[PDB]
Structures are given as structure tokens and as C-alpha cells.
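In the C-alpha cells that follow, the same protein chain appears in two forms, which are kept apart as structure 1 and structure 2.
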Structure 1
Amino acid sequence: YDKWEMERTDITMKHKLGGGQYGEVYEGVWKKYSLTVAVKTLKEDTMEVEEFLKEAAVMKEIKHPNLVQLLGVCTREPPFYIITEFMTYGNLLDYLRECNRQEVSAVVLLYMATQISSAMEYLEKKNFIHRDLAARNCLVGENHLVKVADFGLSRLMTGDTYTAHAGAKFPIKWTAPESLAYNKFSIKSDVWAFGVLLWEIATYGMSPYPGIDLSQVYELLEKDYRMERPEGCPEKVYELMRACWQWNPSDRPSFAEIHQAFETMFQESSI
């Protein structure tokens, strides 16, 4: 018995989301509650069923106000379904790039970084690591509400470090040194990515290391190169941005600390 298992009939598929950049995800309707939802689907021919099922499973364990919420699943017979709440404003990257900056202001940017750090602190305590933390994987809802995508989560079964399947490709500009070097990800690797995410938020969606060819990024980081403080970015925040980019992962702060710092900046800023 699985309280989550539901009827594939209850849902009404509509169209694809994010132009496919997230896979087989569509906007749907849950007839019963006339609720608009998000539906991840698995195709006919795939060796994904194993992974697809684990994602769903993981999602039944996580519950945080800033992590996308699972509503139900259809995993008995194909096509498989993972049903989640619907985020009306898409991903945080597009949101920042199109938003009105008089509305989505400094306090708002601060507020969004707090929410994301809040979710990461939850994941950190829960012993999970996120394999793709970036603005493009943060969803936005009304009132600058931000939730981190639950897809791409791995649970640390033993160590505090997760090794990815040898020969896996990850976003260079968001990947911590140790990950690019040895395919090893810890929560500290997420801290690094979070620091990059901060940079995206502070630049209203600019591409990280703009103009710098990928083949050079790792070396530049070795030689101690880091992105400069974005125009308008308060020093306190850049200082935290820089701490997230310590070369040694153990020198990087914990999400508990980062969250704490933001909760404070956010609060004293709203005064």
C-alpha cells in the first residue's frame, strides 16, 4: 500500500513545460480538485524507470516550504507519473531576466536567497545533496516565493561525499573544483553552487563567468580567480559569496550558517 499512488484518470495533461529543458514535464489538471499541477512523465522506451522511481520515492520523504511539493504518483503501470504542485512563474533564471527591477528589488533578491538557503539547510540536515543547484532549477510562484527542484537529489548512504557515475557531464560554471576534478559532490559542493546562484540572483540572471571559455574555468579557479562583485551587490553578501568559493570545501560555510546570515540580512534590511 502507498498513500501516494493515485488514478491516472484524475489527471488531465495539457502541454509541455520549459520547452523540454526539464524532460517530460507538462502542466495538468487534477479534475477532482480543479487544481493545476505539474506532471513528470516517463516515456515508452527508456532505462529510466529505475531512476524515475527513485526520484518519486525520494520526493515522498522531503517536505519543506521551499522545496517543490509532491502531490502524487502513478507508478504501477506505464505511463508513469510524478505529480507536483504547479509553480506559476517558471524558473528563477527567466524570472530575474524579465522581472521589473523596481518590484523585484534588493530586499526581494535577499528574500529569494534566504528561501533557497532555507531549503538547502533542510537538505543538509536530511543528508541529501543536490546534483544541479542553479537558478534555472529554482521555481517561482506568486509573491517571489521560491522553491528548489526536487529532481536531482541523492541521499548520502554512508560518507558525506557522493561519487557520480564516472564519465558524467555537469554544468562547469556551477560545479565546485573537487567535483570537476574528481566527480565527488558533498553538501559543500552545493555550497559552491549556491554561491554561484547568489551571483545569478545579484546580476538579475547573468551567465556566470561571462566571456570566459569553459576549457579555462578550472585553471582560473586553481589560480585563485573568482567572479567579481556584481554592480550593486552589498559587500556583506559578496563576502558570503566568496566564502562559498573557498578552494577547500571544508573552509566553505554550512547552509545552516548561510541561512542564518541571510535571515539576518533580510530582517535588518526590512527595517
Structure 2
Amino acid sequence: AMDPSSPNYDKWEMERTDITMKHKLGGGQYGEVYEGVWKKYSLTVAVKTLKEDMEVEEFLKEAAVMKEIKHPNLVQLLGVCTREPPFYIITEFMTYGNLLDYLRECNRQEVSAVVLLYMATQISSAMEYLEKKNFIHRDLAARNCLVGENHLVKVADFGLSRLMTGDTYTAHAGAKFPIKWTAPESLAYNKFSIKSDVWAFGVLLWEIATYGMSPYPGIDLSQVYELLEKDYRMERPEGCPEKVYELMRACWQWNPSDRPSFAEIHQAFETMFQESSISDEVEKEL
């Protein structure tokens, strides 16, 4: 099946022995994801596998989806091993790891307002692409983005809901939801769409603007929906330019139809500071 002449050929299928498997990534925070080396390229990779013994079809579904998407700001599929168990999905490795930790740990002279704007812009580009292709993310947040060289940011989906410890994800409607990132219509009506990703993007924008603070700080999960329904929204973070906060507020429109498209959001990021410096706005606000 590995030869192009074969009727069973799949360009994505790679030789398992081409990859040298190292340790589990990030202590175990990603489940069954391992650091790897793709031998012939001397390239470090991330390798997702299945744990011993119905989630097989979900895994294969993920591999199929990843074959359909290609964008500079979406984590890139490099290959799979899905002919026989154990199944692998191989992606590029991103030097600086997840964006949430990166924000919390970064040198702030380096990761200035300009860099933060670039990170937000890149994420909106990935999401504009997903929007165009009629995909939904379903769990957009800083914890699901990666950071590489020169502040490159890629959107990922690590399937965190039943891995992550703590109260980021909590029980809701038979599953685990990240309540503070979840659009109200998703919480209340189980309605997910690109517009519920827009809501989540607004929360992610707030994470960027605060260098990774936890959203709705000090507010009980039990109160989030009621507060949002009564028009409460997180306040503008310290130093946040008004035009950026306006964009956050647009993402958090109660009616999903009133929220901007990711194409509109990306355009806004390109125009917002075309003639003016984000550094100057932050300074003005402070």
C-alpha cells in the first residue's frame, strides 16, 4: 500500500519506523501525545496515539478532518499511521508550547502590545479559513493554541475536555464544557456554530489582552449564564485599546447573528491600526 502504483495508496500514510518516539509531551497534559523525531528530516514532531482499547472512529474522524485543512495558522498534519493499530497522527512540533502558558510566562518587553496584536490577528486568520471551509472549532481558547518561532501562532484542538484537571471544564448537559468560554446559546440550547466560535474568540482576545488571566475572575460558574443574560460583560482590561475592546464586545453579542464573521474580525485587525500604533493606544489608556 506504501507504493504509488498501489490502488491502496494514501499520500498521508507514513512508515512508523521513520519516527523515533520519545517521551509524553507536557508532563501528560495532552493525553497520549508524544515528542517524536522524524528521522530522515532531523525534525521534532508531535505524535498523537490511542490508549489501550469506541473512540477509534473519533480518532479516525480527526485524521480525516486534518487531511482537509491547510493554513499557515492551523497546526499542520505531517502524516498518519492508520493502516494498523496503534494509530498515530503526526503534526509539526511548536517550540514554545501552548499559548496560555506562553502568555503567563513570557518576557513582557518581548511580548509587547504589537506582538499581542499579531497573535490575535493570526488566530483570526485561522478562524476565517475554518469559517470559509464550513468547519466549526467548538473549543477555541488560548489553551488550544501553540506558539513557535518569531511569535508564530497556530490554532489547534487538543481534545482537552476530559483530560484537563481543575475547573476549566465542568459538567454540563452530559459532557464537560469550558463554561467561561462557551456561547450562551451553546450552554442553553446546545447550539454550536461558527458564531459560537466567535464568542469564544472574544474570550480568547481577553486572555491575550490580560497575558493569560482566567476569565470572569472571582465569579462563580453558577452565575455566568444569568449575568450574561442580564447583559453583564467582562470590563475592558487595563491597557486595552478601546477599538480592541469594542471588537471583544461585538464578539459577545447575545444574538449569534449579530456577532461579526471571522472574515470581518480579520479585516478589523488589519485596518484598526493601519494608520496608528497600538503601542501608542496602550500608553494612552495607561
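Residue numbering: structure 1 sequence, from 1. We call the rigid core whatever largest set of C-alpha positions still superposes within 1.5 Å between the two forms.
When both forms sit on the same rigid core, the CA shifts between structures 1 and 2 reach 2 angstroms or more only at 153 out of 193, 140, 148, 153. Superposition of the core reveals a Cα shift of less than 2 Å for residue 248 between structures 1 and 2. Once the cores line up, the CA of residue 21 ends up 2 angstroms or more apart between structures 1 and 2. After superposing the rigid core, the Cα of residue 108 is displaced by less than 2 Å between structures 1 and 2. CA movement of residue 166 between structures 1 and 2 equals 6.3 Å, with the two forms superposed on the rigid core.
Comparison between structures 1 and 2 places the CA of residue 34 1.2 angstrom away from its other position, after core fitting.
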